[PDB]
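These notes are about the structure you will find just below.
What is reported rests on the model, the rules as stated and the sources as named; no laboratory instrument gave them. Counting neighbours? That spans all protein chains shown, and the Cβs are built from the backbone with ideal geometry, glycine included.
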Ligand SMILES: [Ca+2]
Ligand SMILES: [Ca+2]
Ligand SMILES: [Ca+2]
Ligand SMILES: [Ca+2]
Ligand SMILES: [Ca+2]
Ligand SMILES: [Ca+2]
Ligand SMILES: [Ca+2]
Ligand SMILES: [Ca+2]
Ligand SMILES: [Ca+2]
Ligand SMILES: [Ca+2]
Ligand SMILES: [Zn+2]
Ligand SMILES: [Zn+2]
Ligand SMILES: [Zn+2]
Ligand SMILES: [Zn+2]
Ligand SMILES: [Zn+2]
Ligand SMILES: [Zn+2]
Ligand SMILES: [Zn+2]
C-alpha cells in the first residue's frame, strides 16, 4: 500500500529487477529507508484494482501507453522535476509521460522497430523502400528473399504507412486532438498502396506473421526483417551475422515506427511521494543506477542522455534510438483501442484484395470514431450496472443495450 | 379550456396559493380578468404533457431547474422585462432563469442550505470547517457530537466539495459549457478529502442520512446540522433553541450550496401573454403581492430586493440569502441528471473506502460525461419509438 | 469491366442513355476508345459494393446527394477542372459536388420544385403565400380549391418552412457545419405556423398526399400544385392547360426548395481517369453533348450556361432554374438521414394537432442530432460484425482449407 516510511516498487519480471534492487540497497544505505522490489503476475492488471482502494506499490514500472488509463482514473501523482533535471533526458521522451498537460511519470528506456539485416546476404542495407522490389528479384535469383516481416499486426506495418504523412492522432501541446485522425490522408494512402503493391507483385506473402518472418530470418532464408530489441537474443542463437540499422525511407521521408517508453510512475495514494521522487531523480536516473539495472537485463536505449551516449557504442542500441527519434510516440489515450482494431482490419482487407486502399483507409476513419465512442458508452452501461452492485448488497459480465433498430424508409414515391 | 381572456395559474399545493389567489382577486378588480389558481397532482409531470398539445395553464410555478427541460421542448415563452424591472431583483436570480441567452421565467423565491446550530450547546457557531474536528472531541467528552448531516445525497455534501473551486458545469454567458466539468479539479479533491478524513477519524458516521441527521439535531444529541428552510418547522416542534447562520468556510473559501429558485414561467401556447406579464410584473412581484403570498405560506428568501430587506429582519432568512449569494445556481440543463448519479456514487465510494478520493472523482467525470450518451441513445430510441408506434400502428 | 483502355458508364434507366451512347460513338471516332453505357438495376446500391473491391464502371451518373457517402468511402476520384471550364457552368452547381473541400463530380442537370398552375382557373398565379387563404375562398364559391400538394413528406413542405430563415445544416466553405441546424429558429417557426394555419382553417386537408394531390390537379379540381419536372408528362396527358412558374414568396422572402443536381463521378479505382475527364469536359458538357442526351430523354434545367439559355425558351425550364437558384442545395452528408425522419414527424405532428409548432420543431432539432450520433454508432456495431464475417471466414478458411 501507501507503505509509510519505506518504498515498495513493482516492475515486470522480465526486466532487471535484481539490478533495481541493488539501487534500492544503495538508497537504503544513505537514508535508512528500505526499498522492496517485487514482480507480481499481471501487475498492469492488478495496479488498477489495488490503487483504486489506496493500496498497491509506491512506484510502478510499465510502458507509458498504459499510464494514460491510470492517470485518467487519477491513480498517478503529478511529478515535478525542475528544468535542470528535465534537460538530463531526451526532450521527446517527456512527451510520452504527459497526460493532459500534467507530467505523470519518469521516462526510463526507449523502444522502437529497426531494420535487421543479414550481413552475409546483404553487405549493405537499402536506405530506401522503393529499391526493395529490385533487391528481391536480385536475391530470388539465389533462392533468397529481400524482406520478410509480420504483416498481420499494424504495429509492424505502420512505420511505412505513416512515413509520407500518416498519424494516429494529432499531438500539439501535451494533448491529443481526438478528432484529428490521419489514417485517411494522402501520405497514409501512398504508404499502404506501396505495401499492397509489394504483396501483389509477389515480393511478399499476405500471410506472413511474426513466427514465419522470424523463422525465415533466423534460417538465413531472407536478407532483412523489421523487429525490435526483444528479438535480438533469438538471432544471437541462430548464429546469423546480423546488423541492426535505421529503417528505410519512403518518398524521401523516414519511417515512423511507434515509440514505447518504459516509465516510472508514483502512486497517487503513496505517502512517500517525496522519498519516491528522490529515489528516482537522484539514484535511479543516474549513470550508476541504470548501469546496475542494465547489467541484470538490458534496457535497450535509455532516456538519460549521459548513459545513452555510453550505450550507443553498441550500433544496435544507437539504431533503436535513431529510429525512435524519427518515430511516433504511441498515444496513451483510450481512443487508441479503436485505432488498433480499425487499422488492423484496414490493412488485412487492402492486402487480401477484399477492399481497395482508398476504401479500406476511409472505412478505418469511420471505424475509429464509431468504435472509439462505443467504448465510452460501454463504460456507461458498465458504470450504471456497477452502481447497482454496490447498491443492492466475474459478475458484471452483463451488458444489454441491444436495441439498434434500422429504419429503412421506402423512398418509392414515383 | 385554452383560457382566452382569462388567466389560469398552476402552483404546487405546499405553496401560498391562497395568498396568490388574493393577488388574483386584486387583479380581477382593476382589470375584469378573472384569475384561477390550481394545484393539481404532479403538475411538473402534467405540464409537459398538456403544453405539448397546446393546453394547460397560462403561467406555471416551479423551481428553475425543471424549466430548462421545458424551454428545451419550447413550452415556455420568452419574457422581456425592461432594464428598470430587472434591477428590482437580485442580479444572480436572473441567471437561474436564462436558457441559452433567452430569459424564460420570473424569479420569485430563493433556497439554499444553511448551518443550523443549537444555541444551548454552541454559543458561537464555527466560522471554519477546519475547526470542527477540534470542536467534536470537545463535545464528545460531554456525550454529544459537533455536526451531523445527510451524507448520502450530494446536494448536502456539495457545499464542502465545491468550496475550494469545484463546480458542476462552467457558466459564463447565460450558457453552460457542458465540456467544462469541475468534479475532478484540485478544489473538489481538497474538499472531498476533508469529508472522508472526518469519516475515518470517526467525527462522522458514513451511514448518516436525512432522517438520522434530523433526529439527532431534534433530540439535542448533536450541536449542528446542515439543512434548508423546509426543515425549520420541525425544529420549532422539538423546542430546540436553534440558530441559522452562514455556512463555514474551507481553506478560506465560502461553502457553495446549490441555489434553487422558485420561478414563474409563461406557457408558450397561452394567448394571454400580455395579461400574464402585467399580473407578474405589476401585481405579484411587488411588496404587497409577495406579502399576500407569504402570509399564506413563507417563501423564505425572496428575489425582490425591497421585500427581502423587510424579511431580512429574521436572521434565519438573512442567512439563507447570504448562503445563496455565495453558492452555485443549480444548472437547468439535461446533463445534470448524469451529474447527480455520478457524484453520488463518487461520494459513497470515497466514504466507504471502496475507492480513493482521486479515483472516485476521476471516474465521476467519466460517468457524468459518459451518461450523456444516454441522452442521445435513450432519447433516440425513445424518440424513434413514438414514430414507430405511429407509422406501424 | 476492369476498364483499362476503354470507358464504361453507369446511368439510371429513366435517363437518355441512348443519347449518352451517341456521345460515346463521337468520342470513339476521334480517339478509337470504345464507350459502353449500361443501366443496371439499383446501380446506386451496386456501386458501393463493386467500387469497394476495385470493380464497377469508370464513370457513374446519379443525384449529387448520394455522392457524399461515396466520397466518404473514398470511391470517387478528385476532379480538377480549371477556372476556364468551371465558369462554363452555374457557380451554385459546383457547390453540390464538393465533399469537404474536394471536387468529386461534374454537374449535369438541375432539379427543383416549382409552382404549377391551371391557367384556365387561374389567369395569373399568386406571387405570395399570404394570399392563398383569400384565393381559396374565391375558388371555393365555384367548387374548386386553390392549392393542393403533398403534405406528408418534408421535401414538399420544406420550401415554405425554410422561406423565412429555416435550413438543414449551415454551409460556408464547401463544408457543412453539422452542429448548426436551423429547424428551430424563428424563420422555420413562422413557416410551419402558416402551414398549420392553412390546415386548421380548412384551406387544406392534413391527409393530402402525392396521389391525391396529383389526381386533383389533373382532374382540374385544384387550381395549383407544387411538384417537379417528373410530373409534367402526366399533366400533358390530362389535357390541363398548365403553366410552371416561380414559387410564392412568404413574408417577402422566396421559397427555398431542395436542389437536386444530376452528377457525373469518376471511380477512384478506374485506370482511365484521363480518358473520362476528356470525355466529360469536352464531349458531354458541350452544347452538342447534352443536346444528344436531351433528345433521348429530357434533362430539365442544365448546369452548362450556354445550353441552359437555349432550353430557357421553355418557360417551364426557365422557372425550374429560377426556383433552384433561390433554393437550398441538398446536403450530401450522412446526417441528412436523420434530418428527413425528424422533420417528417415534426410536420405530421404539428398538422395533426398532436403537438404545437414550437414543440414539434424543438423536438426535431434535438431528435435529428440524436439519430445522427446513432447513425455513426450503427456503422459501428455492423462494422464490428465485419469481424463476424471475416474472423469466422479466416477461421473456416483455416479449418476448411486444412480439410480434416
Ligand atoms: Ca507484497
Ligand atoms: Ca534540481
Ligand atoms: Ca559511466
Ligand atoms: Ca561502464
Ligand atoms: Ca540477468
Ligand atoms: Ca382545470
Ligand atoms: Ca417598465
Ligand atoms: Ca466547552
Ligand atoms: Ca395557509
Ligand atoms: Ca455489365
Ligand atoms: Zn514475478
Ligand atoms: Zn516488381
Ligand atoms: Zn552520492
Ligand atoms: Zn392539489
Ligand atoms: Zn481528529
Ligand atoms: Zn434496365
Ligand atoms: Zn382563412
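Looking only at segment C:54-82, filter to residues that are within 11 Å of chain A (Cβ to nearest Cβ) and out of contact with any helix residue (DSSP H, G or I) (no Cβ under 8 Å at 6 or more places or on another chain); which one of those is farthest from ligand 8 (Cβ to nearest atom)?
That would be C:55.
Restricting to segment A:134-153, name every residue that is assigned to a helix (DSSP H, G or I) and surrounded by fewer than 17 Cβ atoms within 10 Å (Cβ to Cβ).
Those that are assigned to a helix (DSSP H, G or I) and surrounded by fewer than 17 Cβ atoms within 10 Å (Cβ to Cβ): A:134, A:137, A:138, A:140.
Just a yes or no: is a residue in segment B:96-110 in the same structural domain as residue B:231 (by CATH) and farther than 19 Å from residue B:258 by Cα?
Within segment B:96-110, none of the residues are in the same structural domain as residue B:231 (by CATH) and farther than 19 Å from residue B:258 by Cα.
Which condition breaks for residue B:55 when tested against (1) buried (at least 18 other Cβ atoms within 10 Å of the Cβ); (2) not in a strand (DSSP E or B)?
Exception for residue B:55: condition (1).
Just to be sure, is residue B:374 more than 16 Å from ligand 10 (Cβ to nearest atom) and at the interface with chain A (Cβ under 10 Å from one of its Cβ atoms)?
yes
Run residue C:397 past the list (1) within 12 Å of chain A (Cβ to nearest Cβ); (2) over 30 Å from residue C:262 (Cα atoms); (3) in contact with a helix residue (DSSP H, G or I) (Cβ under 8 Å, 6 or more places away or on another chain) and report the number of the one that doesn't hold.
Looking at each condition in turn, residue C:397 falls short on (3).
Any chance segment C:289-296 includes a residue that's over 21 Å from residue C:158 (Cα atoms) and not assigned by CATH to the domain that holds residue C:78?
No, segment C:289-296 has no match at all.
Scan C:320, C:366, C:345 and give me the residue that is assigned to a helix (DSSP H, G or I), more than 14 Å from chain A (Cβ to nearest Cβ) and under 30 Å from residue B:47 (Cβ atoms).
C:366
With the requirement that a residue be within 16 Å of ligand 6 (Cβ to nearest atom), more than 22 Å from the chain's Cα centre (by Cα) and within 18 Å of residue B:292 (Cα to Cα), what does segment B:1-59 give you?
Those that are within 16 Å of ligand 6 (Cβ to nearest atom), more than 22 Å from the chain's Cα centre (by Cα) and within 18 Å of residue B:292 (Cα to Cα): B:21, B:24, B:34, B:35, B:36, B:37, B:38.
Here is a list: C:173, C:185, C:227, C:205. Which entry is in contact with a helix residue (DSSP H, G or I) (Cβ under 8 Å, 6 or more places away or on another chain) and surrounded by fewer than 16 Cβ atoms within 10 Å (Cβ to Cβ)?
So the residue among C:173, C:185, C:227, C:205 that is in contact with a helix residue (DSSP H, G or I) (Cβ under 8 Å, 6 or more places away or on another chain) and surrounded by fewer than 16 Cβ atoms within 10 Å (Cβ to Cβ) is C:205.
Report, by residue number, each residue of segment B:323-342 that is in contact with a strand residue (DSSP E or B) (Cβ under 7 Å, 6 or more places away or on another chain), part of a loop (DSSP other than H, G, I, E, B) and more than 14 Å from chain A (Cβ to nearest Cβ).
B:327, B:330, B:331, B:332, B:333
Tell me which of these residue B:353 doesn't satisfy, since it passes every other one: (1) surrounded by fewer than 18 Cβ atoms within 10 Å (Cβ to Cβ); (2) facing chain A (nearest Cβ under 8 Å); (3) under 30 Å from residue C:367 (Cβ atoms).
With (1) surrounded by fewer than 18 Cβ atoms within 10 Å (Cβ to Cβ); (2) facing chain A (nearest Cβ under 8 Å); (3) under 30 Å from residue C:367 (Cβ atoms) applied to residue B:353, the lone miss is (3).
Across segment C:17-52, which residue is farthest from ligand 12 (Cβ to nearest atom) among those that are assigned to a loop (DSSP other than H, G, I, E, B) and within 14 Å of chain A (Cβ to nearest Cβ)?
Out of the qualifying residues, it is C:42.
Of the residues A:85, A:156, only one is crowded, with 23+ Cβ neighbours inside 10 Å and either in a helix (DSSP H, G or I) or within 14 Å of chain B (Cβ to nearest Cβ) (or both); which?
A:156
Residue under question is residue B:307, and the condition is that it be over 13 Å from the mean Cα position of the chain (by Cα), assigned by CATH to the domain that holds residue B:127 and surrounded by fewer than 23 Cβ atoms within 10 Å (Cβ to Cβ); does it hold?
In short, no.
What about residue B:159, is it under 18 Å from the mean Cα position of the chain (by Cα) and assigned by CATH to the domain that holds residue B:263?
no
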